[PDB]
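Down below is the structure, laid out as structure tokens.
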Amino acid sequence: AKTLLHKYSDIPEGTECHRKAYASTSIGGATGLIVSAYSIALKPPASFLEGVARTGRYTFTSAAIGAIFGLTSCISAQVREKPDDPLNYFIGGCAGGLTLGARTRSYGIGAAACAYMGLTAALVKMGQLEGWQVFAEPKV
Amino acid sequence: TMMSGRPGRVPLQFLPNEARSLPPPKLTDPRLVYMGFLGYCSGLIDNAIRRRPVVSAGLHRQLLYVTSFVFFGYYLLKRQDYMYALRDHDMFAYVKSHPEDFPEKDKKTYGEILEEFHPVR
Amino acid sequence: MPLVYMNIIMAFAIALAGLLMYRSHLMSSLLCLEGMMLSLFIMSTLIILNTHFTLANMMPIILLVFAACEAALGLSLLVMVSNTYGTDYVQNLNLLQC
Amino acid sequence: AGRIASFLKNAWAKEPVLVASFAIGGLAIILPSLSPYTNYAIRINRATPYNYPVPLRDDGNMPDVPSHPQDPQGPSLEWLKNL
Amino acid sequence: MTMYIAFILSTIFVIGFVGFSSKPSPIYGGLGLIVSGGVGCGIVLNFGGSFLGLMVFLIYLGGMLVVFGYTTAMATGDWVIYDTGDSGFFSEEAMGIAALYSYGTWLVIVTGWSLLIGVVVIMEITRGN
Amino acid sequence: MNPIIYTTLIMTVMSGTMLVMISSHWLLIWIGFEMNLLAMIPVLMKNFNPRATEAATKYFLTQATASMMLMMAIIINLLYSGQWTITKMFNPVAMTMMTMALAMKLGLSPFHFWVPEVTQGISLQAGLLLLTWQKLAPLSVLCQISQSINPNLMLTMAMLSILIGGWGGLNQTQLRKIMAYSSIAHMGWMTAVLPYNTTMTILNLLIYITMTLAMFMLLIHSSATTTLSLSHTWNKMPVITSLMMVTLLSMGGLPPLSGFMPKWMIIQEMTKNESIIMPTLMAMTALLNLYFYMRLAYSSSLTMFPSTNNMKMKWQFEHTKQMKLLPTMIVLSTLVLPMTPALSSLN
Amino acid sequence: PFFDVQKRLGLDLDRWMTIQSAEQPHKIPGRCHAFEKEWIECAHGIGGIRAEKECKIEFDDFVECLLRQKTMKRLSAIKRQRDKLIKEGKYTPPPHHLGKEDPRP
Amino acid sequence: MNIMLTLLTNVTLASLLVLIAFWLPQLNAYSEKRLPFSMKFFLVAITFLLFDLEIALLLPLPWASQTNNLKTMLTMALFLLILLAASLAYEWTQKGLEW
Amino acid sequence: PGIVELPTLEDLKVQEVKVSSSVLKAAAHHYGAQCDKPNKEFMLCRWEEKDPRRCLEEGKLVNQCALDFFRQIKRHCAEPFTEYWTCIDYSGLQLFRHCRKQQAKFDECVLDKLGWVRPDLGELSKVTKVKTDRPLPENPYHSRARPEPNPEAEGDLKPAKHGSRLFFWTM
Ligand SMILES: CCCCCCCCCCCCCCCCCC(=O)OC[C@H](COP(=O)([O-])OCC(O)COP(=O)([O-])OC[C@@H](COC(=O)CCCCCCCCCCCCCCCCC)OC(=O)CCCCCCCCCCCCCCCCC)OC(=O)CCCCCCCCCCCCCCCCC
Ligand SMILES: CCCCCCCCCCCCCCCCC[C@@H](O)O[C@H](CO[C@H](O)CCCCCCCCCCCCCCC)COP(=O)(O)OCC[N+](C)(C)C
Ligand SMILES: CCCCCCCCCCCCCCCCC[C@@H](O)O[C@H](CO[C@H](O)CCCCCCCCCCCCCCC)COP(=O)(O)OCC[N+](C)(C)C
Ligand SMILES: CCCCCCCC/C=C\CCCCCCCC(=O)O[C@H](COC(=O)CCCCCCC/C=C/CCCCCCCC)COP(=O)(O)OCCN
């Protein structure tokens, strides 16, 4: 729900890193839990224990991604003293991509993931700054 | 512009009576000529699918294709013109009835408008 | 909205979830649709009787009839599937795939 | 005529139940449209008061509306009594 | 209060739905649905819907749960929302249900056509070949 | 079956759709849906085989679940306001129940899983009917209550449908599954403009129906249900393959073909509402549909595949039965872009 | 979409069954009939947007009559406070509410 | 209250009698030593079900006769009965009532 | 929103008609014939005001008139009435047909004593008019003022300016 969205967004971007990391970790974990539920539904692998293991691995991976993104992005914003900069978000995305690569132990996916995640993060920051609407209300 | 609920709209009329106050499209209208061309293309494709001499297999059938396409296109053009006329009429009436939402801009000449200049170097 | 309405709504939700589970035995799926329609009938009847809306006293019966007709068709389908396999198991219907 | 008579005689034998059922259903469809007592049934249904007859506020221009049930003006049920 | 008889009836309804929603041994699920239908009929009757409750209990139970069992065997807060006045010398439910012929001509037509089509559809589906 | 019974069932399906379209009472709309479902099953099972029975039972399960959800939405809406007229819902929960029921009836993601399997199981004429006529009633209901829908949910399902159709079509060799995934993507395109303009929804529906009718009639004419079977058509009916290639190009949204009209217009409409990112993603995803259309065109008409010797005998015979409206469908699906402003007719 | 055949032909196929206050058999009156009549007369011809924003009072009253949620809240508050007072012992119900009254016809 | 108590009494008496019948001879010791699925029975069950649905609609006929619209009610009742007869006739002529 | 005003307990105190439903059914026809005017006043006021709090004095009047009717019955023919009601009370459905003879005796007694003629079939169900001086309620529903309708513009249609104006199309 939007409760986690508000919990993340309410914290100022350039301050108070640990709560930002906590919120991003929770959001990532919720996303991973939804992904695990869908994966269990569509592909029941063999049994209960392997299924709960797969849920654990997906949730921990997504939570680690969110934690690293939030921590790195907030630390970059704090040290650079320049809030409202998409570069900080891009760095966070790159950090998140690196963490994902480590989990999958692939140099290519880690590199590929880092570049793509960073770009996505930069775009989200630009949308926050400029007021871009993903889901626009009917205006006209 | 959703006009489904527009007041005084008879449910299933293709053309209302007030549409008769608009000029009908000319028979040499380019859109009507395109409709006839589409009918001719349909006739040629029908000949080709049936393995008949494409250009000169059925002249009655090709004539019927062209005529039906032109007929429907004429009525469709009438309805389209009527709907666009209604859109313009409603727009103008709304602007007229709400002057405070469409205030007049003060006419200003370029002599006293300061535009920033950007050199190309 | 008092507690009886929420009880009937959660009964409908339980029936819908049970239908969406598909352990086996497509007959159980038909039974779950059937419990769904029964809950719908009960709650619609309660709403219509409580508000004294005299004319919609028709629509529960109609609903029943239509749903019952649906049930018949489903049974036929079930039967025909069994005629191909000897059982109404859900997992036998995997000839068609995404 | 002759073929219809032959068909009816052939069906009345070996299929009397169907002949009787079709005749009874056809009569049930046709006869109500010709009976003169159907309007009597409609009038009897109209004369059954299920609700309280709400009085009308007198305004000095209602001659056909009674002031009391015993008054001559108003609908009567003598046709019902004679039935 | 009789400890909320309507509430306990609704609770038994939910419990029966939970009972047959696990889908154990489809005869047992069918019996759980029969119990749930009886309890729902009791709810409707206690509410005041005598005709509709009896329609449930007759049509639903005695016909279509019966056909489901036949096919399966072939194979392997209350009291508050209520009214104050009376109805007159008739039952409003019966008059409203009764009104379908006078008022609901369209409903009768579509329902009858649907049922005839359903008969045709069943025979065609079960034709085989 | 008997032609009389087949005609009766077809008219019953059309009468159900019509009942849904002309009624103002929620009960009558539900009854029309029930009538349509009841008369649709034998059409899917017209040719008897186990696959058709499986397709029909899957379709029945899906549609009956959707009907029960729709009746639940109707009853909840009645509970929170004693109204039976189809208009704005007035209840947040009821609208969601209604939206999911109509998405399940239409085949929108994530309720798309039944469409490819049902389309593959049934014959080509049944698939034509299922993919053309069976979208009118749910879309009409959606248009009637478009002011109620939550834009977030509808747009999420639309984007999901476009993505799923594009990705799922890439993996198919069967023509019916390709048509099913194409229909899923086109439904996704149609439902993304409901919150803003129902006229664009209807225009997209009409264009899609025209193209789908043309493509199915071409597939029936050259009786092929696989890629390799269609690869033999040039050796008997090259003109059919040429028409099919042009129709496939149109279905991919290339200008100046007719298939470019909807997306363009839809994109244009979505830009008037300050929605920029979503149309961009929709077009980028439609590139996938274009890719597998182009692969089909490569395999069918742009290259000449090997044939067999028995094909010579087929050279001596001609079709006994013909579709009268096939040329008109082809022309209307390829060459109507100059007549775009006629969309003011509120089609 | 919606083809209003009934309005064009004047048929009334299903409009008799859409609202509470529309000619019930034997003139039976709906429980919320007065509230629905006011809401309908407020919102006639005005359009859906203006009806939703301007006829909110009548719709709120109609909804309240239909579900009686606020009446339930008030009655529950009264009963709960009475229970608290009787548990504390500083309130005593009168003979009317104990069944000891004198009934009237 | 009266009907519930009557139902409870009937069920209680039946249960008491059945259990005493099932346990009276249990006190003294004694020796104490497929596929076919015919299609016609499903069809008769479905016909009964379809007919049963038709039966519900009429159920209100006793009350339907006091409406002041006797013509419309009579027409619709006869229409329903005629469609029931047509269902029976269609199933008859298509060998749906045979063994 | 506001306080619901209710009459005091003293306003609702009235000399009550304390006879059972069998007695009332036995007397009903003559009661409707005799006590008609206050009853119609009350019922017209009741359907016009749509408010119990606005009709209390008419209810007191109908109670008084019913009491007067029963006092007349008591004074002239108590025994004939008692026998007739005994019969009505016995039957569970309280049918008039079961005790016709008792009714006949009662009818003869009242006519001689009070000149009362029993109303015939179809008379008490008539819709009658009431001469009342109570004003007609101008706003019985307590409705608000209806919102202003939409402008309802009118004019004479002209062709769309420069055509459809859609992208590159000149018509
Ligand atoms: C920009 C707008 C302006 C331009 C408009 C462009 C479109 C206009 C026409 C639209 C459709 C109408 C015709 C289609 C029916 C098909 C006919 C056909 O098959 O051709 C054979 C036929 C001759 O052969 P035949 O001896 O009669 O019979 C042998 C078989 O028919 C055929 O022998 P076969 O079947 O044994 O040979 C096999 C062959 C046969 O298969 C085919 O050729 C089928 C034709 C393609 C289907 C077209 C699809 C629908 C049209 C949409 C076009 C989209 C345009 C948008 C731009 C994208 C470009 C793709 O198939 C193949 O070889 C397959 C491999 C080919 C490569 C892949 C195919 C590429 C397709 C792209 C074609 C697009 C342009 C087509 C131009 C018209 C073609 C005749 O051609 C014609 O004679 C018809 C041409 C038009 C007649 C014009 C008459 C007017 C002249 C006098 C009046 C003067 C007017 C001015 C007034 C002022 C004077 C004073
Ligand atoms: C891809 C080509 C598709 C062509 C479509 C099929 C062509 C054959 C159709 C045969 C004639 C159709 C006319 C129907 C006669 C009466 C029409 C009347 O009943 O309907 C009116 C309206 O009729 C239709 O709207 C007009 C249909 C015209 C469609 C053409 C526009 C397509 C876009 C341009 C593409 C180029 C096509 C032209 C080349 C043939 C009033 O509708 P209304 O009850 O008030 O509201 C319902 C619609 N709402 C809900 C959206 C508001
Ligand atoms: C006009 C267009 C004709 C062609 C299109 C036909 C479309 C399909 C056919 C079915 C539609 C028939 C329309 C009937 C709608 C019913 C409403 C209308 O007819 O008035 C009714 C009249 O009912 C009459 O009985 C009409 C009888 C027609 C039904 C009998 C046969 C119908 C068969 C149609 C198809 C069914 C299946 C196929 C059978 C072969 C109501 O009568 P009334 O009581 O004054 O008013 C009630 C309101 N009150 C209570 C205030 C007084
Ligand atoms: C307008 C009124 C309509 C409503 C009334 C009908 C209500 C109920 C009656 C209809 C029920 C369904 C009937 C289905 C018809 C099927 C008959 C059939 O197929 O049976 C044939 C045989 O039956 C027939 O011959 C067909 C019908 C024969 C005619 C029956 C009566 C037709 C009308 C007669 C009277 C018409 C009006 C009155 C005229 C008489 C003068 C007043 C074969 O019999 P089997 O058992 O299968 O095998 C036997 C061979 N081994």
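Of the numbered conditions (1) surrounded by 20 or more Cβ atoms within 10 Å (Cβ to Cβ); (2) facing chain F (nearest Cβ under 9 Å), G:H33 fails exactly one; give the number of that condition. Among (1) surrounded by 20 or more Cβ atoms within 10 Å (Cβ to Cβ); (2) facing chain F (nearest Cβ under 9 Å), G:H33 violates only (2). Residues in segment A:58-83 that are more than 17 Å from A:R19 (Cβ to Cβ) and exposed (fewer than 13 other Cβ atoms within 10 Å of the Cβ): A:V79, A:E81, A:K82.
Count of segment E:98-129 residues, restricted to those that are more than 13 Å from ligand 3 (Cβ to nearest atom), surrounded by fewer than 23 Cβ atoms within 10 Å (Cβ to Cβ) and in a helix (DSSP H, G or I), is 4. Evaluate the following for H:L70: is it under 21 Å from the mean Cα position of the chain (by Cα), surrounded by 10 or more Cβ atoms within 10 Å (Cβ to Cβ), within 30 Å of D:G26 (Cα to Cα) and facing another protein chain (nearest Cβ under 7 Å)? No: the conditions fail for H:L70.
For H:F48, the conditions (1) within 14 Å of chain E (Cβ to nearest Cβ); (2) exposed (fewer than 11 other Cβ atoms within 10 Å of the Cβ); (3) not aliphatic (A, V, I, L, M) are fulfilled apart from (2). For segment H:6-29, the criterion of being part of a helix (DSSP H, G or I) and within 11 Å of chain E (Cβ to nearest Cβ) is satisfied by at least one residue. Within segment G:53-80, residues that are more than 18 Å from C:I47 (Cα to Cα) reach partners that are charged (D, E, K, R) with beta carbons closer than 6 Å, at six or more positions or on different chains, in the pairs G:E58/G:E38; G:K70/G:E64.
With the requirement that a residue be in a helix (DSSP H, G or I) and farther than 15 Å from E:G118 by Cα, what does segment F:9-43 give you?
Once the filter is applied, which keeps residues that are in a helix (DSSP H, G or I) and farther than 15 Å from E:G118 by Cα, segment F:9-43 yields F:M14, F:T17, F:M18, F:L19, F:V20, F:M21, F:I22, F:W26, F:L27, F:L28, F:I29, F:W30.
May I ask you to list the residues in segment D:35-83 that are among the acidic types (D, E) and under 22 Å from I:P119 (Cβ atoms)? Those that are among the acidic types (D, E) and under 22 Å from I:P119 (Cβ atoms): D:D58, D:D64, D:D71, D:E78. Looking at chain C, the helices (runs of 4 or more DSSP H) lying wholly inside it that each contain 3 or more residues that are more than 7 Å from chain E (Cβ to nearest Cβ) and crowded, with 22+ Cβ neighbours inside 10 Å sit at C:26-50, C:58-85. Note on segment H:44-99: among residues that are of a type in the set (S, T, Y) and within 12 Å of ligand 4 (Cβ to nearest atom), the one that is farthest from C:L64 (Cα to Cα) is H:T93. Just one residue in the set B:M83, B:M3, B:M35 is in a loop (DSSP other than H, G, I, E, B), within 15 Å of ligand 2 (Cβ to nearest atom) and surrounded by 13 or more Cβ atoms within 10 Å (Cβ to Cβ); that residue is B:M3.
Out of G:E54, G:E38, which single residue is touching an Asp or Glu at 6+ places or on another chain (Cβ under 7 Å), more than 10 Å from chain F (Cβ to nearest Cβ) and of a type outside the set (V, I, T)? Matching residue, one of G:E54, G:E38: G:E38. With respect to the stated conditions, E:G69 fails to be surrounded by 21 or more Cβ atoms within 10 Å (Cβ to Cβ) and within 24 Å of H:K40 (Cα to Cα). The helices (runs of 4 or more DSSP H) found wholly in segment A:9-105 and carrying at least 3 residues that are touching a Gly at 6+ places or on another chain (Cβ under 7 Å) and of a type in the set (S, T, N, Q) occupy A:48-80. Of the candidates B:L44, B:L77, B:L59, the single residue that is more than 16 Å from ligand 3 (Cβ to nearest atom) and within 14 Å of chain I (Cβ to nearest Cβ) is B:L77. Any residue that is surrounded by fewer than 21 Cβ atoms within 10 Å (Cβ to Cβ), within 8 Å of chain C (Cβ to nearest Cβ), assigned to a helix (DSSP H, G or I) and away from ligand 4 (no atom under 16 Å from the Cβ) - is there at least one of those in segment E:72-90? No; the residues of segment E:72-90 include none that is surrounded by fewer than 21 Cβ atoms within 10 Å (Cβ to Cβ), within 8 Å of chain C (Cβ to nearest Cβ), assigned to a helix (DSSP H, G or I) and away from ligand 4 (no atom under 16 Å from the Cβ).
Only one of the listed residues (F:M244, F:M251, F:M215) is over 16 Å from the mean Cα position of the chain (by Cα) and not charged (D, E, K, R). That residue is F:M244.
Regarding B:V95, is this residue more than 25 Å from F:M329 (Cβ to Cβ), of a type in the set (V, I, T) and more than 16 Å from ligand 3 (Cβ to nearest atom)? Criteria met by B:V95. All of (1) in a loop (DSSP other than H, G, I, E, B); (2) within 7 Å of another protein chain (Cβ to nearest Cβ); (3) more than 30 Å from G:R31 (Cβ to Cβ); (4) of a type in the set (D, E, K, R) hold for F:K88 with one exception: (3).
Can you tell me which residue among H:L61, H:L50, H:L16 is over 25 Å from the mean Cα position of the chain (by Cα), more than 20 Å from E:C41 (Cβ to Cβ) and hydrophobic (A, V, I, L, M, F, W, C)? Of H:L61, H:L50, H:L16, the one residue that is over 25 Å from the mean Cα position of the chain (by Cα), more than 20 Å from E:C41 (Cβ to Cβ) and hydrophobic (A, V, I, L, M, F, W, C) is H:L16. State yes or no: is F:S223 surrounded by fewer than 21 Cβ atoms within 10 Å (Cβ to Cβ) and assigned to a helix (DSSP H, G or I)? Considered against the rule, which asks whether it is surrounded by fewer than 21 Cβ atoms within 10 Å (Cβ to Cβ) and assigned to a helix (DSSP H, G or I), F:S223 comes out as no. Picking from residues in segment I:22-74 that are under 30 Å from I:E138 (Cα atoms) and of a type in the set (F, W, Y), the one that is farthest from the other protein chains (Cβ to nearest Cβ) is I:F42.
For segment G:1-75, give me every one of the helices (runs of 4 or more DSSP H) that falls completely inside it and has 2 or more residues that are more than 19 Å from F:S24 (Cβ to Cβ).
Passing ranges, in order: G:33-43, G:48-54, G:56-67.
Identify, from the list F:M237, F:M261, F:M187, the residue that is farther than 30 Å from B:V54 by Cα and of a type outside the set (S, T, N, Q).
Of the residues listed, the single one that is farther than 30 Å from B:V54 by Cα and of a type outside the set (S, T, N, Q) is F:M187.
The condition (being within 21 Å of the chain's Cα centre (by Cα), more than 7 Å from every other protein chain (Cβ to nearest Cβ), in a helix (DSSP H, G or I) and closer than 26 Å to G:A22 by Cβ) is satisfied by just one residue among E:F57, E:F51: E:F51.
Working carefully through the options F:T57, F:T53, find the one that is part of a helix (DSSP H, G or I), β-branched (V, I, T) and surrounded by fewer than 23 Cβ atoms within 10 Å (Cβ to Cβ).
F:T53
Looking only at segment G:5-30, residues that are farther than 14 Å from E:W106 by Cβ, facing chain F (nearest Cβ under 9 Å) and of a type in the set (V, I, T) come to 1 in all. When restricted to residues that are under 30 Å from B:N17 (Cα atoms) and in a helix (DSSP H, G or I), segment B:86-120 contains 12. If the condition is being closer than 17 Å to H:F48 by Cβ, in a helix (DSSP H, G or I) and within 7 Å of chain E (Cβ to nearest Cβ), then segment H:84-99 contributes H:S87, H:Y90, H:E91. In segment F:308-330, the count of residues that are in a loop (DSSP other than H, G, I, E, B), within 15 Å of ligand 1 (Cβ to nearest atom) and not charged (D, E, K, R) is one or more. Residue-level check: of (1) surrounded by 12 or more Cβ atoms within 10 Å (Cβ to Cβ); (2) away from chain C (no Cβ under 14 Å), G:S76 misses just (2).
When we count neighbours, we look across all protein chains shown, and the Cβ atoms used for this are built from the backbone with ideal geometry, even at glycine. Quick note: the coordinates plus some simple rules give every number you see, no bench work behind them.
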